[PDB]
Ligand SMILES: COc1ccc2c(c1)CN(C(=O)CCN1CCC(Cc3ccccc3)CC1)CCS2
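Take a look at this one chain, the form deposited without the ligand, written out in C-alpha cells.
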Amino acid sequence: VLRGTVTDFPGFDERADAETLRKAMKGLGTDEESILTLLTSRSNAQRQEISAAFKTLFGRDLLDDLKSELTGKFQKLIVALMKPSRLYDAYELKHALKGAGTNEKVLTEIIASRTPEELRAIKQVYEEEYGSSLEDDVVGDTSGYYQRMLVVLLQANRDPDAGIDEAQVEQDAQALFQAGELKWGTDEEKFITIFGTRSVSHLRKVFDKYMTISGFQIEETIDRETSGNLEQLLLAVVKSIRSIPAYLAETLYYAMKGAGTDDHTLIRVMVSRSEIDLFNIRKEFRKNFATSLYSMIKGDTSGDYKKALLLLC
C-alpha cells in the first residue's frame, strides 16, 4: 500500500460515461470493448457516479444491464469491478460462507491480509448489509483453532508499533520455540495469541530471532507443526506480517500457475487491490515470482476478460 494502479479519471463526466455504456449495450449485441475500456479507466468512485447518472437519465440499473448483456468471466469481472470499494470484501466474505459450508480459502485470504483499520471497516459494512455479525457467521461456519485464529484477528486489536522491547522479542521467540518444536505436540493457543496481538514491527523481529534460536524459519516450523486449515491461516498471517503485497502476489501466482486459473481469486485480488496497492504487488511478482504479472495474466487469461484484467496493470 503506497500506490495502486486504477486512478480517478481527470475531467470525468458521469452523464457522458453513463451515455457511453447506454449506447454500448443498447440493442442487439454489446460493444464489449467500449464497456471494458471505460470502466477500467475510472476509479471505483467514478463507477458509482456513472451508475447514478445511468439511473437518473434512463431509469435503469447499470449493473443488471451489464449482467444481462455480458457473459462469463468478463460479466463476473465487471460486476466485481462495479461493487463499491467500501463493499467488495464483505460482499465476498458473505459469498464465501453462505449455504454449503464455507470456502476457507477466501476467509483465510481476506481476514489474514487486511489491516485492523480495514477489518473494522469490513465488520461494520458487513453487518449493515446482511444483518448478522460477520463474527458470528465465521464462528458458525468454521471450527476449532482455525475458528479461533480467525476470531482473534476479526477483533481488529493488534498492538501499535511503539519502540521494540528486545526482551519481549527474545521472550516471544522462546514461547514459540518451546510451544512448537520443543513441545511434543504443539501449543497452537500460544501461537494464535502471539501472532494476533503483537504489533507488526515486533513480530518481524520475532520471526528473525526465532530463526537464530532454532535454525528454522517460523513458516518451516508452522509447516512441520500444524495441519488442516490452521496451517493455511498461520502461514497467511506470517506472510502478511512480512509483506501484504508479497503475500497477495504469491496468492495470485498460485491462482494461475497450473492447468487452469482460479478465476475467482485472480478477479478478487486484482479488483480489490487496484486502488490500494496492485503496483507494489506486481513489483513483488516480478522480483520474487519470476514472470511479470502482466505476462502471466496474458498467458493464462482469455479475450474480453483478459483485456480488462491486463488493463488493470
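In this text, residue numbers run from 1 along the sequence as written.
Engineer: Do the C-alpha atoms of 204-212 or of 69-77 have the higher average B factor in the entry?
Structural biologist: Per the PDB record, 69-77.
Engineer: For the higher mean C-alpha B factor in the entry, choose 112-120 or 184-192.
Structural biologist: Going by the record's values, the stretch with the higher mean is 112-120.
Engineer: Which is it among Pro160, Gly140, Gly163, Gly101: the one with the largest CA B-factor in the entry?
Structural biologist: Within the set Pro160, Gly140, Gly163, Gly101, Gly101 shows the top C-alpha B-factor.
Engineer: Could you tell me which one of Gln171, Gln232, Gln217, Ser132 shows the highest CA temperature factor in the PDB record?
Structural biologist: In the PDB entry, the greatest C-alpha B-factor among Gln171, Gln232, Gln217, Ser132 is found at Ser132.
Engineer: For the chain shown, is the CA B-factor of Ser274 in the lowest, middle or highest third of its modelled residues?
Structural biologist: Middle third of the chain for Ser274's C-alpha B-factor.
Engineer: Among the modelled residues of this chain, does the Cα B factor of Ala179 put it in the lowest, middle or highest third?
Structural biologist: For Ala179, the deposited C-alpha B-factor lands in the middle third.
Engineer: Hey, what third does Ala16 fall into on Cα B-factor, ranked over its chain?
Structural biologist: Within its chain, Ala16 is a lowest-third residue by C-alpha B-factor, going by the deposited values.
Engineer: In terms of the CA temperature factor given in the entry, to which third of its chain does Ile241 belong: lowest, middle or highest?
Structural biologist: For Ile241, whose C-alpha B-factor we compare with every modelled residue in the chain, the answer is the lowest third.
Engineer: Sorting the chain's modelled residues by C-alpha B-factor, tell me whether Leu28 ends up in the lowest, middle or highest third.
Structural biologist: Highest third, going by the recorded CA B-factors of the chain.
The next section is about a form of this same protein that is not shown, the form solved in complex with the ligand.
Engineer: Looking at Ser240, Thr226, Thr142, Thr108, which is the one with a non-hydrogen atom within 4.5 Å of the ligand in the deposited complex?
Structural biologist: None of the other options qualify; the answer is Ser240.
Engineer: Select from the listed residues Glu181, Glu231, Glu118, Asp208 the one whose heavy atoms reach within 4.5 Å of the ligand in the deposited complex.
Structural biologist: Checked against the cut-off, the match is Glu118.
Engineer: Quick one: does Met82 come within 4.5 Å of the ligand in the deposited complex, counting heavy atoms only?
Structural biologist: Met82 lies outside the contact set for the ligand.
Engineer: Is there a non-hydrogen atom of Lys73 within 4.5 angstroms of a non-hydrogen atom of the ligand in the deposited complex?
Structural biologist: Looking in the deposited complex, residue contacts with the ligand do not include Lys73, since no heavy atom lies within 4.5 Å.
Engineer: Would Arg158 count as a contact of the ligand in the deposited complex, using a 4.5 angstroms cut-off between non-hydrogen atoms?
Structural biologist: Because a heavy atom of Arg158 falls inside 4.5 Å of the ligand in the deposited complex, the answer is yes.
Engineer: Indicate whether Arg273 is a 4.5 Å heavy atom neighbour of the ligand in the deposited complex.
Structural biologist: Yes, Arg273 is a contact residue.
Engineer: Report whether all of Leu77, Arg282 and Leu311 sit within 4.5 Å of the ligand in the deposited complex, measuring from non-hydrogen atoms.
Structural biologist: Negative, none of the three is within 4.5 Å.
Engineer: Counting only non-hydrogen atoms, choose the one of 167-175, 200-208, 98-106, 217-225 that falls within 4.5 Å of the ligand in the deposited complex.
Structural biologist: Single hit among the candidates: 200-208.
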